[PDB]
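Visitor: One file is attached below, data04.txt, containing compact mmCIF, C-alpha atoms and all ligand atoms.
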# COMPACT_ATOMS: atom_id res chain seq x y z
CA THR A 17 26.97 4.32 -3.27
CA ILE A 18 24.59 3.67 -0.38
CA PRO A 19 21.61 6.03 -0.40
CA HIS A 20 20.95 8.13 2.72
CA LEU A 21 17.33 8.56 3.84
CA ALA A 22 15.79 10.79 6.49
CA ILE A 23 12.84 8.46 7.12
CA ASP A 24 12.31 7.70 10.82
CA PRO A 25 10.90 4.15 11.04
CA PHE A 26 10.12 4.71 14.73
CA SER A 27 7.99 7.88 14.27
CA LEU A 28 4.26 7.97 14.94
CA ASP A 29 3.74 9.09 11.34
CA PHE A 30 5.54 5.97 10.09
CA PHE A 31 3.58 3.65 12.45
CA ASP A 32 0.31 5.15 11.30
CA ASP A 33 0.95 4.07 7.70
CA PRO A 34 4.28 2.39 7.00
CA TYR A 35 3.64 1.03 3.53
CA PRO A 36 4.64 3.95 1.29
CA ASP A 37 7.83 4.54 3.27
CA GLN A 38 8.62 0.80 3.14
CA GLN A 39 8.37 0.90 -0.66
CA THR A 40 10.63 3.96 -0.65
CA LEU A 41 13.12 2.02 1.50
CA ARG A 42 12.96 -1.05 -0.79
CA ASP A 43 13.24 0.91 -4.02
CA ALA A 44 16.10 3.16 -2.85
CA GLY A 45 18.36 0.09 -2.97
CA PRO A 46 19.19 -3.20 -1.27
CA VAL A 47 21.03 -1.39 1.55
CA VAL A 48 20.21 2.11 2.81
CA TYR A 49 21.62 4.38 5.51
CA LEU A 50 19.15 5.94 7.95
CA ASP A 51 20.60 9.32 8.96
CA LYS A 52 18.04 9.74 11.74
CA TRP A 53 19.61 6.97 13.86
CA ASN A 54 22.94 6.21 12.13
CA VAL A 55 22.09 2.64 11.18
CA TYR A 56 22.00 0.60 8.03
CA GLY A 57 18.61 -0.59 6.81
CA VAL A 58 17.44 -3.54 4.69
CA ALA A 59 13.80 -3.63 3.55
CA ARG A 60 13.77 -6.18 0.68
CA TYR A 61 13.06 -9.85 1.31
CA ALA A 62 16.43 -11.06 -0.04
CA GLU A 63 18.68 -8.98 2.24
CA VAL A 64 16.48 -9.45 5.32
CA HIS A 65 16.58 -13.22 4.73
CA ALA A 66 20.38 -13.17 4.19
CA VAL A 67 21.04 -11.12 7.33
CA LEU A 68 18.90 -13.43 9.48
CA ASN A 69 20.69 -16.50 8.12
CA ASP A 70 24.26 -15.33 8.81
CA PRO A 71 24.35 -15.03 12.64
CA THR A 72 28.18 -15.07 12.67
CA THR A 73 28.48 -11.87 10.66
CA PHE A 74 25.22 -10.33 11.87
CA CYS A 75 25.27 -11.15 15.56
CA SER A 76 22.64 -10.85 18.28
CA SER A 77 24.86 -10.68 21.38
CA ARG A 78 25.39 -6.91 20.97
CA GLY A 79 21.58 -6.52 21.20
CA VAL A 80 18.71 -6.76 18.71
CA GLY A 81 17.58 -3.28 19.63
CA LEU A 82 19.22 0.00 18.52
CA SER A 83 21.51 -0.05 21.56
CA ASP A 84 24.91 -1.68 21.05
CA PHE A 85 25.71 -3.65 24.23
CA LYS A 86 29.39 -3.11 23.48
CA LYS A 87 28.80 0.66 23.92
CA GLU A 88 25.89 0.92 26.39
CA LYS A 89 24.56 -0.98 29.37
CA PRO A 90 21.53 -3.16 28.53
CA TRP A 91 18.35 -1.90 30.24
CA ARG A 92 17.97 -5.36 31.84
CA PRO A 93 20.36 -8.33 32.01
CA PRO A 94 20.69 -9.84 28.50
CA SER A 95 18.44 -12.67 27.43
CA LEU A 96 20.24 -16.00 27.42
CA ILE A 97 18.61 -16.88 24.12
CA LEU A 98 17.54 -13.78 22.10
CA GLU A 99 20.66 -11.78 22.91
CA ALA A 100 23.16 -14.66 22.64
CA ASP A 101 25.08 -16.05 19.68
CA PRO A 102 26.11 -19.62 19.01
CA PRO A 103 27.52 -21.46 20.83
CA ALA A 104 26.18 -19.82 24.05
CA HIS A 105 22.75 -19.66 22.37
CA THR A 106 22.56 -23.34 21.52
CA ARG A 107 21.75 -25.15 24.77
CA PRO A 108 19.21 -22.60 26.11
CA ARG A 109 17.59 -22.74 22.68
CA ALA A 110 17.42 -26.52 22.81
CA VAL A 111 15.71 -26.38 26.24
CA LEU A 112 13.00 -23.89 25.16
CA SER A 113 12.56 -25.94 21.97
CA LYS A 114 11.87 -29.05 24.08
CA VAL A 115 9.65 -27.17 26.52
CA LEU A 116 7.55 -25.75 23.61
CA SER A 117 7.64 -28.99 21.61
CA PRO A 118 5.07 -31.06 19.73
CA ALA A 119 4.45 -33.20 22.80
CA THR A 120 3.67 -30.20 24.87
CA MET A 121 1.29 -28.94 22.20
CA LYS A 122 -0.64 -32.20 22.52
CA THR A 123 -0.98 -31.67 26.26
CA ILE A 124 -2.46 -28.14 25.96
CA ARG A 125 -4.42 -28.23 22.68
CA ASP A 126 -7.81 -29.37 24.07
CA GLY A 127 -7.80 -26.68 26.74
CA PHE A 128 -6.68 -23.96 24.33
CA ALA A 129 -9.40 -24.93 21.83
CA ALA A 130 -12.08 -25.13 24.52
CA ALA A 131 -11.08 -21.65 25.78
CA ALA A 132 -11.26 -20.27 22.23
CA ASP A 133 -14.73 -21.72 21.55
CA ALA A 134 -15.96 -20.45 24.94
CA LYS A 135 -14.67 -16.93 24.27
CA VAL A 136 -16.30 -16.71 20.86
CA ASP A 137 -19.59 -18.01 22.33
CA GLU A 138 -19.37 -15.36 25.05
CA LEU A 139 -18.64 -12.60 22.56
CA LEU A 140 -21.56 -13.66 20.38
CA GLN A 141 -23.87 -13.04 23.36
CA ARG A 142 -22.73 -9.42 23.45
CA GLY A 143 -22.74 -8.94 19.67
CA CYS A 144 -20.79 -5.66 19.61
CA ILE A 145 -17.34 -6.08 21.12
CA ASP A 146 -13.83 -4.64 20.95
CA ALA A 147 -11.82 -7.27 19.11
CA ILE A 148 -8.64 -6.09 20.86
CA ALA A 149 -9.52 -5.95 24.58
CA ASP A 150 -12.29 -8.54 24.36
CA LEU A 151 -10.65 -11.08 22.04
CA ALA A 152 -7.04 -10.45 20.93
CA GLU A 153 -6.04 -9.63 24.54
CA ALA A 154 -8.64 -11.56 26.50
CA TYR A 155 -8.10 -14.92 24.82
CA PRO A 156 -4.30 -15.18 25.27
CA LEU A 157 -4.70 -13.89 28.81
CA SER A 158 -7.19 -16.75 29.41
CA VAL A 159 -4.73 -19.48 28.35
CA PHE A 160 -1.06 -18.43 28.33
CA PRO A 161 -0.47 -17.34 31.96
CA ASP A 162 -2.09 -20.59 33.13
CA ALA A 163 0.01 -22.60 30.65
CA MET A 164 3.09 -20.88 32.16
CA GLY A 165 1.99 -21.92 35.66
CA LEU A 166 1.63 -18.35 36.97
CA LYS A 167 -0.44 -17.52 40.02
CA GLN A 168 -3.51 -15.29 39.46
CA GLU A 169 -2.28 -12.24 41.41
CA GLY A 170 -0.22 -9.72 39.46
CA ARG A 171 -1.09 -10.82 35.93
CA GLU A 172 -1.98 -7.21 35.07
CA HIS A 173 1.80 -6.65 34.95
CA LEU A 174 2.33 -8.93 31.94
CA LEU A 175 1.17 -6.82 29.02
CA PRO A 176 2.79 -3.62 30.42
CA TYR A 177 6.05 -5.55 30.84
CA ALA A 178 5.89 -6.79 27.23
CA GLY A 179 5.05 -3.28 25.96
CA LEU A 180 8.23 -2.16 27.73
CA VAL A 181 10.35 -4.97 26.27
CA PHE A 182 9.25 -4.22 22.75
CA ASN A 183 9.53 -0.45 23.13
CA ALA A 184 13.04 -0.96 24.50
CA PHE A 185 14.28 -2.50 21.24
CA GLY A 186 13.63 0.91 19.72
CA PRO A 187 15.76 4.07 19.68
CA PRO A 188 15.78 6.37 22.71
CA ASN A 189 12.64 8.26 21.67
CA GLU A 190 9.67 9.13 23.90
CA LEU A 191 8.03 5.70 23.63
CA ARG A 192 11.16 4.03 24.91
CA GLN A 193 12.16 6.44 27.64
CA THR A 194 8.61 6.65 28.99
CA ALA A 195 8.40 2.85 29.05
CA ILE A 196 11.65 2.52 30.98
CA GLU A 197 10.73 5.13 33.57
CA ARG A 198 7.52 3.19 34.36
CA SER A 199 9.21 -0.19 34.40
CA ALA A 200 10.27 -0.91 37.98
CA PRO A 201 7.07 -2.60 39.31
CA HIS A 202 6.67 -4.69 36.15
CA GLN A 203 10.28 -5.89 36.28
CA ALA A 204 9.88 -6.70 39.98
CA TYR A 205 6.77 -8.79 39.40
CA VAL A 206 8.25 -10.70 36.44
CA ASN A 207 11.56 -11.45 38.05
CA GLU A 208 9.82 -12.84 41.09
CA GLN A 209 7.52 -15.21 39.08
CA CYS A 210 10.60 -16.68 37.36
CA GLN A 211 11.72 -18.44 40.56
CA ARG A 212 10.98 -22.18 40.71
CA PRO A 213 8.61 -22.12 43.74
CA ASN A 214 6.30 -19.64 42.01
CA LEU A 215 5.63 -21.77 38.93
CA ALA A 216 2.84 -24.36 39.14
CA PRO A 217 3.46 -28.05 38.42
CA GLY A 218 3.30 -29.12 34.79
CA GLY A 219 3.46 -25.65 33.23
CA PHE A 220 6.11 -24.22 30.91
CA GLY A 221 7.93 -22.52 33.81
CA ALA A 222 8.23 -25.64 35.89
CA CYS A 223 9.34 -27.56 32.81
CA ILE A 224 12.19 -25.11 32.17
CA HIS A 225 13.40 -25.55 35.75
CA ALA A 226 13.17 -29.35 35.42
CA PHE A 227 15.70 -29.18 32.56
CA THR A 228 18.31 -27.87 34.96
CA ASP A 229 19.69 -31.34 35.82
CA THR A 230 20.31 -32.65 32.29
CA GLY A 231 23.44 -30.56 31.85
CA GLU A 232 21.80 -28.36 29.21
CA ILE A 233 21.21 -25.43 31.56
CA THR A 234 22.13 -24.76 35.18
CA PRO A 235 19.63 -23.81 37.87
CA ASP A 236 20.76 -20.17 37.72
CA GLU A 237 19.87 -20.05 34.01
CA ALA A 238 16.27 -21.20 34.42
CA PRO A 239 14.76 -17.93 35.79
CA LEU A 240 16.03 -15.88 32.81
CA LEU A 241 14.62 -18.49 30.41
CA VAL A 242 11.24 -18.25 32.16
CA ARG A 243 11.74 -14.48 31.74
CA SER A 244 12.14 -15.01 27.97
CA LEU A 245 8.69 -16.65 27.77
CA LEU A 246 7.07 -13.95 29.95
CA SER A 247 8.63 -11.28 27.69
CA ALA A 248 7.94 -12.85 24.29
CA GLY A 249 5.02 -15.14 24.74
CA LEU A 250 1.91 -12.98 25.27
CA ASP A 251 1.96 -9.59 23.56
CA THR A 252 3.16 -11.19 20.31
CA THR A 253 0.10 -13.46 20.19
CA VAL A 254 -2.21 -10.56 21.11
CA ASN A 255 -1.01 -8.73 18.01
CA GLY A 256 -0.98 -11.87 15.85
CA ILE A 257 -4.57 -12.69 16.70
CA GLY A 258 -5.58 -9.04 16.46
CA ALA A 259 -3.96 -8.94 13.01
CA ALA A 260 -5.93 -12.00 11.90
CA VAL A 261 -9.29 -10.64 13.13
CA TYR A 262 -8.52 -7.27 11.53
CA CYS A 263 -7.79 -9.01 8.20
CA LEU A 264 -10.97 -11.07 8.32
CA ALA A 265 -12.88 -7.89 9.17
CA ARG A 266 -11.48 -6.04 6.13
CA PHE A 267 -11.58 -8.99 3.68
CA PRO A 268 -15.03 -10.55 4.10
CA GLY A 269 -14.48 -12.75 1.05
CA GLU A 270 -11.70 -14.52 2.96
CA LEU A 271 -13.84 -14.86 6.05
CA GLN A 272 -16.38 -16.60 3.78
CA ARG A 273 -13.72 -18.96 2.39
CA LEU A 274 -12.58 -19.73 5.95
CA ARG A 275 -16.15 -20.52 7.03
CA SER A 276 -16.54 -22.92 4.14
CA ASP A 277 -13.36 -24.79 5.10
CA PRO A 278 -12.31 -24.34 8.75
CA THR A 279 -9.20 -26.47 8.08
CA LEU A 280 -7.81 -23.28 6.49
CA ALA A 281 -7.61 -21.77 10.00
CA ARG A 282 -3.89 -22.43 10.45
CA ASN A 283 -2.90 -20.97 7.08
CA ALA A 284 -5.30 -18.03 7.54
CA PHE A 285 -3.39 -17.20 10.72
CA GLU A 286 0.00 -17.66 9.02
CA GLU A 287 -1.07 -15.32 6.21
CA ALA A 288 -2.13 -12.72 8.80
CA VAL A 289 1.31 -12.92 10.37
CA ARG A 290 2.86 -12.30 6.91
CA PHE A 291 0.33 -9.61 5.96
CA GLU A 292 0.48 -7.48 9.13
CA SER A 293 3.79 -8.70 10.55
CA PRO A 294 3.08 -8.03 14.26
CA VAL A 295 6.82 -7.83 14.81
CA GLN A 296 7.89 -5.12 12.32
CA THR A 297 11.60 -4.59 12.96
CA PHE A 298 14.69 -5.47 14.91
CA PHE A 299 18.44 -5.28 14.58
CA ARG A 300 21.71 -7.17 14.18
CA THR A 301 25.25 -5.85 14.72
CA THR A 302 28.08 -6.54 12.29
CA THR A 303 31.10 -8.42 13.68
CA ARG A 304 33.29 -7.70 10.65
CA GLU A 305 33.37 -5.66 7.49
CA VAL A 306 30.85 -7.31 5.15
CA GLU A 307 29.44 -7.04 1.64
CA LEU A 308 25.67 -7.10 1.53
CA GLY A 309 23.61 -6.46 -1.59
CA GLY A 310 26.67 -4.90 -3.22
CA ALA A 311 27.26 -2.48 -0.36
CA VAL A 312 30.16 -2.60 2.11
CA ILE A 313 29.26 -2.31 5.79
CA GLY A 314 31.91 -1.81 8.45
CA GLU A 315 32.40 -3.74 11.68
CA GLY A 316 30.32 -2.82 14.70
CA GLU A 317 27.44 -1.36 12.69
CA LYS A 318 23.75 -1.73 13.51
CA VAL A 319 21.58 -3.20 10.78
CA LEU A 320 17.82 -2.65 10.92
CA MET A 321 15.71 -5.34 9.29
CA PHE A 322 12.20 -4.51 8.09
CA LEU A 323 10.36 -7.85 8.47
CA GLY A 324 6.99 -6.36 7.53
CA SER A 325 8.51 -4.86 4.37
CA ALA A 326 10.21 -8.14 3.45
CA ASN A 327 6.82 -9.80 3.80
CA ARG A 328 5.32 -7.33 1.30
CA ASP A 329 8.24 -7.21 -1.15
CA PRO A 330 6.88 -7.73 -4.71
CA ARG A 331 10.31 -9.13 -5.64
CA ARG A 332 9.34 -12.15 -3.53
CA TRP A 333 5.53 -12.14 -3.39
CA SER A 334 2.71 -12.08 -5.88
CA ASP A 335 0.02 -9.55 -4.88
CA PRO A 336 1.81 -8.95 -1.55
CA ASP A 337 -0.77 -6.39 -0.43
CA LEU A 338 -3.65 -8.91 -0.62
CA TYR A 339 -4.80 -11.11 2.28
CA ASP A 340 -5.07 -14.61 0.79
CA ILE A 341 -5.73 -17.47 3.18
CA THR A 342 -4.72 -20.10 0.62
CA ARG A 343 -1.41 -18.36 -0.19
CA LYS A 344 1.72 -20.50 -0.05
CA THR A 345 3.18 -18.68 2.96
CA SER A 346 6.30 -20.74 3.64
CA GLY A 347 9.36 -18.52 3.65
CA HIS A 348 7.69 -15.45 5.18
CA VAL A 349 9.92 -13.88 7.88
CA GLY A 350 7.19 -12.92 10.37
CA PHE A 351 8.56 -15.50 12.82
CA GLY A 352 12.12 -14.81 11.72
CA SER A 353 14.46 -17.24 9.94
CA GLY A 354 17.46 -19.34 10.90
CA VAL A 355 18.87 -20.20 14.33
CA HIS A 356 16.77 -17.63 16.28
CA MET A 357 13.54 -18.36 14.37
CA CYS A 358 10.66 -18.10 16.85
CA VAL A 359 11.07 -20.91 19.36
CA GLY A 360 7.46 -20.39 20.49
CA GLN A 361 5.93 -20.55 17.00
CA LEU A 362 4.05 -23.76 17.80
CA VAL A 363 2.31 -22.04 20.73
CA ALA A 364 1.58 -18.98 18.60
CA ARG A 365 0.18 -21.07 15.75
CA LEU A 366 -1.90 -23.20 18.14
CA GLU A 367 -3.57 -20.11 19.66
CA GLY A 368 -4.14 -18.56 16.25
CA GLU A 369 -5.47 -21.75 14.74
CA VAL A 370 -8.00 -22.60 17.45
CA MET A 371 -9.28 -19.01 17.62
CA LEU A 372 -9.74 -18.77 13.86
CA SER A 373 -11.36 -22.26 13.93
CA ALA A 374 -13.88 -21.04 16.49
CA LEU A 375 -14.64 -17.94 14.40
CA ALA A 376 -14.86 -20.09 11.25
CA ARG A 377 -17.49 -22.36 12.83
CA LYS A 378 -19.52 -19.84 14.89
CA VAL A 379 -19.46 -16.45 13.13
CA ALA A 380 -21.14 -15.47 9.85
CA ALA A 381 -19.87 -11.92 9.64
CA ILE A 382 -17.39 -9.51 11.22
CA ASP A 383 -18.22 -5.86 10.56
CA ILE A 384 -16.24 -2.90 11.86
CA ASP A 385 -18.78 -0.71 13.65
CA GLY A 386 -16.74 1.99 15.32
CA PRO A 387 -13.55 4.06 15.08
CA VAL A 388 -10.40 1.97 14.70
CA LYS A 389 -7.52 3.15 16.92
CA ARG A 390 -3.90 2.15 16.47
CA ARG A 391 -1.48 1.24 19.28
CA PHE A 392 2.03 2.67 18.94
CA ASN A 393 5.10 0.66 19.81
CA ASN A 394 8.67 0.78 18.53
CA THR A 395 8.60 -2.91 17.51
CA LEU A 396 4.99 -4.16 17.55
CA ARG A 397 2.31 -3.31 14.96
CA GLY A 398 -1.29 -3.64 16.09
CA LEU A 399 -4.48 -1.95 17.19
CA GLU A 400 -5.56 -0.34 20.47
CA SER A 401 -9.23 -0.70 19.65
CA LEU A 402 -11.18 -2.63 16.96
CA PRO A 403 -14.95 -2.29 17.36
CA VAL A 404 -16.78 -5.04 15.53
CA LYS A 405 -20.22 -6.54 15.33
CA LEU A 406 -20.13 -10.36 15.26
CA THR A 407 -23.09 -12.01 13.53
CA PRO A 408 -23.71 -15.62 14.59
CA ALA A 409 -23.68 -18.43 12.01
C1 LIG B 501 2.37 -14.30 16.50
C2 LIG B 501 3.21 -14.43 17.54
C3 LIG B 501 4.74 -14.35 17.42
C4 LIG B 501 5.51 -13.72 16.52
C5 LIG B 501 5.07 -12.92 15.27
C6 LIG B 501 6.90 -13.96 16.90
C7 LIG B 501 8.02 -13.53 16.22
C8 LIG B 501 9.32 -13.86 16.54
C9 LIG B 501 10.49 -13.51 15.76
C10 LIG B 501 10.47 -12.70 14.46
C11 LIG B 501 11.58 -13.97 16.39
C12 LIG B 501 13.06 -13.85 15.93
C13 LIG B 501 13.85 -12.78 16.68
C14 LIG B 501 15.27 -12.63 16.14
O1 LIG B 501 15.59 -13.22 15.08
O2 LIG B 501 16.11 -11.90 16.76
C15 LIG B 501 11.13 -14.63 17.60
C16 LIG B 501 11.94 -15.22 18.55
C17 LIG B 501 11.52 -15.69 19.76
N1 LIG B 501 10.19 -15.90 20.17
FE1 LIG B 501 8.52 -15.54 18.97
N2 LIG B 501 6.91 -14.70 18.04
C18 LIG B 501 5.61 -14.97 18.40
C19 LIG B 501 5.19 -15.70 19.49
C20 LIG B 501 5.99 -16.23 20.48
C21 LIG B 501 5.51 -17.03 21.58
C22 LIG B 501 4.02 -17.44 21.74
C23 LIG B 501 6.59 -17.32 22.34
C24 LIG B 501 6.69 -18.15 23.62
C25 LIG B 501 5.72 -18.88 24.17
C26 LIG B 501 7.75 -16.71 21.74
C27 LIG B 501 9.06 -16.75 22.19
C28 LIG B 501 10.17 -16.39 21.47
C29 LIG B 501 11.52 -16.52 21.95
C30 LIG B 501 12.00 -17.02 23.34
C31 LIG B 501 12.41 -16.04 20.84
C32 LIG B 501 13.94 -15.99 20.82
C33 LIG B 501 14.37 -17.26 20.08
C34 LIG B 501 15.85 -17.29 19.87
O3 LIG B 501 16.53 -16.23 20.04
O4 LIG B 501 16.35 -18.40 19.53
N3 LIG B 501 7.36 -16.07 20.59
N4 LIG B 501 9.76 -14.56 17.66
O1 LIG B 502 13.55 -12.12 26.70
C1 LIG B 502 13.63 -12.78 25.63
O2 LIG B 502 14.42 -13.76 25.50
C2 LIG B 502 12.86 -12.33 24.41
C3 LIG B 502 12.21 -11.10 24.41
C4 LIG B 502 11.54 -10.68 23.26
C5 LIG B 502 11.52 -11.47 22.12
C6 LIG B 502 10.79 -10.97 20.89
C7 LIG B 502 9.91 -11.99 20.22
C8 LIG B 502 9.31 -11.43 18.95
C9 LIG B 502 10.40 -11.04 17.97
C10 LIG B 502 11.41 -10.10 18.59
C11 LIG B 502 11.91 -10.55 19.94
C12 LIG B 502 12.15 -12.70 22.11
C13 LIG B 502 12.83 -13.15 23.26
CL CL B 503 13.17 -7.46 33.86
As structure tokens, how would this structure be written, given the file I've shared?
Guide:
Amino acid sequence: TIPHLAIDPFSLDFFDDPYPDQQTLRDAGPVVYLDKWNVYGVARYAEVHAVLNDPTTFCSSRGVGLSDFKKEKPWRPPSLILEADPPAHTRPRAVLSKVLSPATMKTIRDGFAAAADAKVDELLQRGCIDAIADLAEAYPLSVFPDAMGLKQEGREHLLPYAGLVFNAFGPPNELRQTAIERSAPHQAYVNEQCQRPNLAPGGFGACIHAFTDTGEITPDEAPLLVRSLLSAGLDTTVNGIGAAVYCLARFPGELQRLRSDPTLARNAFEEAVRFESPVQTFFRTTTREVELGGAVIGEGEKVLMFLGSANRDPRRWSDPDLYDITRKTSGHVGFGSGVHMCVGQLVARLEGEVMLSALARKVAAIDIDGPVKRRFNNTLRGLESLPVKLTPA
């Protein structure tokens, strides 16, 4: 009944060009079995959306990586929010939601926008830049660690730590095992910055700790919640912004539409998140026997969701393989869906918006002018290097 495929979605070959294999996964059926890792897979929009929106059946507390926490030891203590189910999930979620709220966005927006404009001005002075190191990485590094309240020293640990986190959701292949064996100094740095004294007044970290007397979280929960933001909050945005620049670089017609109306900046970023899906995959674990897309899945089974595939499913999208900055994007699953839907999406969208706004106002053309190199990660899709010439408006 369920088709068995030998495709390895965590192989370098797959990362290098996932789109044909994603169609093969979609068209094989609503539910497939991946013999390579003994997991179920769903690659169509409908089943991905259904799985995300039934957290009781498709739980997160047994891990959202390949590893089943019921069978193996987690590589680090479980996240109090990502790797928790309701009801344990609910209060920590509410705290991060309030920390990363509308009001907070108002407090940081001017600074984020100023930093974006400044960066683009700087890059225009150079002309030929690497849109990954010099923009997609440099810009979030120039705003997010400060917004967290982190000291300057040690910040070089942040991207390596995130690379590790996202590789660790994968199977135990070379990417994952290499990441873990290099991890000790990055874990040590992160865990230390999560303590209250090390987080500057007014930043996200301090704000999490301040919530520890409302009864929503205890003081001993705050460091792990700071840890959540230091795991999730930087490398995601690097690859979201890199995706957007890469799209504008390949679709100059859409860059020209964006220039003509910079208020399209926020939807141009959202469309990039759909189109590239910086977060490609992650898992749920079944808590009972369940019927999904006409297939029966047993209890205690890992289910791999292909978010990127769902976001290109022609069953859901018209011209899914086109970058269209006026597309109606609502419903894409690039930020997830349901109770775990990205709690930092307002920060992500703010960064993406103000960067694309700066590009929209200051740059006339973005031309790739060197070899493009891809970065491999078990969960993240993005580039290592994107050489571009920026022409000033
Ligand atoms: C373009 C950037 C981003 C993308 C594409 C993205 C994507 C996602 C997705 C797909 C999920 C759902 C995971 C699941 O269902 O298991 C998620 C959750 C989460 N994200 Fe984001 N994210 C981004 C940026 C951020 C930022 C900037 C922050 C923090 C400042 C953040 C913090 C979190 C946290 C803490 C969760 C867990 C939420 C929960 O379990 O309730 N993310 N993100
Ligand atoms: O430590 C945490 O709580 C944590 C770590 C990583 C993430 C990722 C965000 C992007 C989608 C996949 C999960 C979310 C939360
Ligand atoms: Cl850690």
Visitor: Using Å and a single decimal, report how far CA of residue 164 (chain A) sits from CA of residue 209 (chain A).
Guide: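 Interatomic distance, CA of residue 209 (chain A) to CA of residue 164 (chain A): 10.0 Å.
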Visitor: Using all atoms listed in the file, determine which residues lie at most 9 Å from region 146-160 of chain A, disregarding the query and same-chain residues fewer than 4 positions distant; provide the list as JSON, numbers by chain.
Guide: {"A": [127, 128, 131, 132, 135, 136, 139, 164, 165, 171, 175, 249, 250, 251, 253, 254, 255, 256, 257, 258, 259, 261, 262, 367, 371, 399, 400, 401, 402, 403, 404, 405]}
Visitor: Compile a residue-level contact table for chain A against ligand CL 503 (chain B) at a cut-off of 12 Å, reporting for every qualifying residue the shortest atom pair and its distance in Å to one decimal, with all atoms listed in the file counted, rows ordered by chain and ascending number, as a tab-separated table.
Guide:
residue	atom	partner	partner_atom	distance
A:90	CA	B:CL503	CL	10.8
A:91	CA	B:CL503	CL	8.4
A:92	CA	B:CL503	CL	5.6
A:93	CA	B:CL503	CL	7.5
A:94	CA	B:CL503	CL	9.5
A:95	CA	B:CL503	CL	9.8
A:173	CA	B:CL503	CL	11.5
A:174	CA	B:CL503	CL	11.1
A:176	CA	B:CL503	CL	11.6
A:177	CA	B:CL503	CL	8.0
A:178	CA	B:CL503	CL	9.9
A:180	CA	B:CL503	CL	9.5
A:181	CA	B:CL503	CL	8.5
A:184	CA	B:CL503	CL	11.4
A:196	CA	B:CL503	CL	10.5
A:199	CA	B:CL503	CL	8.3
A:200	CA	B:CL503	CL	8.3
A:201	CA	B:CL503	CL	9.5
A:202	CA	B:CL503	CL	7.4
A:203	CA	B:CL503	CL	4.1
A:204	CA	B:CL503	CL	7.0
A:205	CA	B:CL503	CL	8.6
A:206	CA	B:CL503	CL	6.4
A:207	CA	B:CL503	CL	6.0
A:208	CA	B:CL503	CL	9.6
A:209	CA	B:CL503	CL	10.9
A:210	CA	B:CL503	CL	10.2
A:239	CA	B:CL503	CL	10.8
A:240	CA	B:CL503	CL	9.0
A:241	CA	B:CL503	CL	11.6
A:242	CA	B:CL503	CL	11.1
A:243	CA	B:CL503	CL	7.5
A:244	CA	B:CL503	CL	9.6
A:245	CA	B:CL503	CL	11.9
A:246	CA	B:CL503	CL	9.7
A:247	CA	B:CL503	CL	8.6
Visitor: Neighbours of residue 393 (chain A) within 9 Å (only C-alpha atoms; same-chain residues fewer than 3 positions away dropped), as a PyMOL selection string?
Guide: chain A and resi 26+28+31+179-180+182-183+186+191-192+396-398
Visitor: Using only C-alpha atoms, which of the listed residues (A:46, A:170, A:57, A:387) sits closest to residue 317 (chain A)?
Guide: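 Ranking A:46, A:170, A:57, A:387 by distance to residue 317 (chain A), first place goes to A:57.
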Visitor: CA of residue 75 (chain A) to CA of residue 296 (chain A): how many Å, to one decimal?
Guide: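 Between CA of residue 75 (chain A) and CA of residue 296 (chain A) the gap works out to 18.7 Å.
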Visitor: Select, from A:236, A:125, A:380, A:370, the residue with the minimum atom-to-atom distance to residue 279 (chain A), counting all atoms listed in the file.
Guide: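 Nearest candidate to residue 279 (chain A) out of A:236, A:125, A:380, A:370: A:370.
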Visitor: State, in Å with one decimal place, the distance from CA of residue 334 (chain A) to CA of residue 292 (chain A).
Guide: 15.9 Å
Visitor: So which one's closest to ligand LIG 502 (chain B), A:265, A:308, A:326, A:238? Using only C-alpha atoms and all ligand atoms, please.
Guide: A:238
Visitor: For residue 297 (chain A), which of A:25, A:20, A:369, A:137 is the closest residue, counting only C-alpha atoms?
Guide: A:25
Visitor: Given 8 Å of margin on each side, can you work out the centre and size in Å (one decimal) of an axis-aligned box holding every listed atom of ligand LIG 502 (chain B), as AutoDock Vina command-line options?
Guide:
--center_x 11.9 --center_y -11.9 --center_z 22.3 --size_x 21.1 --size_y 19.7 --size_z 24.7
Visitor: I'd like to know which of A:107, A:114, A:282, A:331 is closest to residue 63 (chain A), using only C-alpha atoms.
Guide: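 The closest residue to residue 63 (chain A) is A:331.
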Visitor: Taking all atoms listed in the file into account, name the residue in A:123, A:144, A:319, A:110 that is nearest to residue 163 (chain A).
Guide: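 Smallest separation from residue 163 (chain A) among the options: A:123.
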Visitor: Report as a short mmCIF file (atom, residue, chain, number, x, y, z; two decimals) with C-alpha atoms, keeping the file's coordinate frame all protein, DNA and RNA residues lying within 12 Å of residue 228 (chain A), evaluated on all atoms listed in the file, omitting residues in the same chain fewer than 2 positions from it.
Guide:
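To be explicit, this is the file written out as out.cif:
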data_model
loop_
_atom_site.label_atom_id
_atom_site.label_comp_id
_atom_site.auth_asym_id
_atom_site.auth_seq_id
_atom_site.Cartn_x
_atom_site.Cartn_y
_atom_site.Cartn_z
CA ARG A 107 21.75 -25.15 24.77
CA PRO A 108 19.21 -22.60 26.11
CA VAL A 111 15.71 -26.38 26.24
CA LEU A 112 13.00 -23.89 25.16
CA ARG A 212 10.98 -22.18 40.71
CA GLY A 221 7.93 -22.52 33.81
CA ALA A 222 8.23 -25.64 35.89
CA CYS A 223 9.34 -27.56 32.81
CA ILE A 224 12.19 -25.11 32.17
CA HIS A 225 13.40 -25.55 35.75
CA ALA A 226 13.17 -29.35 35.42
CA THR A 230 20.31 -32.65 32.29
CA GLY A 231 23.44 -30.56 31.85
CA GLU A 232 21.80 -28.36 29.21
CA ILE A 233 21.21 -25.43 31.56
CA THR A 234 22.13 -24.76 35.18
CA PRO A 235 19.63 -23.81 37.87
CA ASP A 236 20.76 -20.17 37.72
CA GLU A 237 19.87 -20.05 34.01
CA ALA A 238 16.27 -21.20 34.42
CA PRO A 239 14.76 -17.93 35.79
CA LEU A 241 14.62 -18.49 30.41
#
